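As a basis for the values below, the full set of heavy atoms in this structure was taken, side chains included, without hydrogen atoms, waters or symmetry mates. To find a chain, count down the sequence lines: A is the first, B the second, and so on, and within it residues start at 1.
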Protein chains: 2
Amino acid sequence: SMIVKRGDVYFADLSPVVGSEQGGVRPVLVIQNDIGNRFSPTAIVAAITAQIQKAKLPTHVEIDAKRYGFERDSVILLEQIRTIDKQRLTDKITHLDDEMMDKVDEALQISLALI
Amino acid sequence: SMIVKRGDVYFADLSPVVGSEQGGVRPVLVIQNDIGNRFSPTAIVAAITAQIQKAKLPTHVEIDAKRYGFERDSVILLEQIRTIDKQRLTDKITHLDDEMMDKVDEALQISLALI
RNA sequence: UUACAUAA
Ligand code: NA
């Protein structure tokens, strides 16, 4: 399988889904550790949306599109995470810096009560 | 949406899946924080399996069925996470104690590179 | 009447 790295953002097809799950083709952020990312057929990712541009919850991290290379201002949803097989991935969009990933890590810890 | 709690174990159908995403009806462990569990229509869960013969990865936590009231000795796969609509949850099996959840937390931190 | 894969 393709190698990916924590911090990578890829388009992925998350369909089909049930109820309030996030579906469709959308950007996703790789949040699995890099050992699994190297050896496993699967990655763990967080959904990104543009339906909001500002964080509503402490599990949200805003992405400034111009700074980070996105089409529009988006938000990473650390309450919407899932293990996906790498075949769902298509094109790599970008790789987020440490400033962003530190915010992602805090949001993930809150999301999963690891605080 | 129904109230669930971190530490709860429910059956859920994780299918349909692609590739090596954990599929089928199986127990899942709620790992989302309880504020999210109260206010959101989705729950973040980890898949559980009974294939205890596979090599134990650092993202795996073993469940002794006699102690914890399961049908057979099982393994919590913290590399297999899903955010699912609560309507997927069916029968409640049990609620895991703090000793078990401390091991889950450690494995989750390894899975998501939050060590 | 409830997987496979994945950690030098
Ligand atoms: Na693909």
Handout entry: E21(A) with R88(B): basic N within carboxylate O range, under 4.0 Å
Key = yes

Between [X] ([atom1]) and [N] ([atom2]), how many Å, whole number?
{"X": "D34(A)", "N": "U6(C)", "atom1": "CG", "atom2": "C1'", "answer": "14 Å"}
{"X": "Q87(A)", "N": "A5(C)", "atom1": "CD", "atom2": "P", "answer": "16 Å"}
{"X": "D13(B)", "N": "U2(C)", "atom1": "CG", "atom2": "P", "answer": "14 Å"}

Ignoring hydrogens and angles, does a donor from either the side chain of [X] or the base of [N] sit under 3.5 Å from an acceptor on the other?
{"X": "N33(A)", "N": "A7(C)", "answer": "yes"}
{"X": "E21(B)", "N": "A5(C)", "answer": "no"}
{"X": "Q51(B)", "N": "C4(C)", "answer": "no"}

Exercise for the section: Starting from the 5' end of RNA chain C, give me the residue, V18(B) or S111(B), whose nearest nucleotide shows up first. Expected result: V18(B)

Exercise for the section: Check whether more than 12 heavy atoms from other residues, nucleotides or ligands sit under 6.0 Å from atom CD1 of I3(B), and answer yes or no. Expected result: yes

Handout entry: Heavy atoms from other residues, nucleotides or ligands near NZ of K56(A) exceed 12 (cutoff 6.0 Å)
Key = no

Practice task
Using a cut-off of strictly less than 4.0 Å, decide whether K54(B) has a side-chain nitrogen or oxygen near OP1 or OP2 of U6(C).
Solution key: no

Exercise for the section: Report yes if a side-chain nitrogen or oxygen of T49(B) is closer than 4.0 Å to either non-bridging phosphate oxygen (OP1 or OP2) of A3(C); otherwise report no. Expected result: yes

Nucleotide nearest [X] when distance is taken to its side chain, options [options]:
{"X": "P58(B)", "options": "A5(C), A7(C), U2(C)", "answer": "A7(C)"}
{"X": "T59(B)", "options": "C4(C), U2(C), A7(C)", "answer": "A7(C)"}
{"X": "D91(B)", "options": "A7(C), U2(C), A5(C)", "answer": "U2(C)"}
{"X": "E79(B)", "options": "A5(C), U2(C), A3(C)", "answer": "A5(C)"}
{"X": "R26(B)", "options": "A3(C), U6(C), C4(C)", "answer": "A3(C)"}
{"X": "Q80(B)", "options": "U2(C), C4(C), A3(C)", "answer": "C4(C)"}
{"X": "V25(B)", "options": "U2(C), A5(C), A7(C)", "answer": "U2(C)"}

Practice task
Return yes if a side-chain donor-acceptor contact under 3.5 Å exists between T42(A) and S40(A), otherwise no.
Solution key: yes

Handout entry: N/O donor-acceptor pair under 3.5 Å between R6(B) side chain and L112(A) backbone
Key = yes

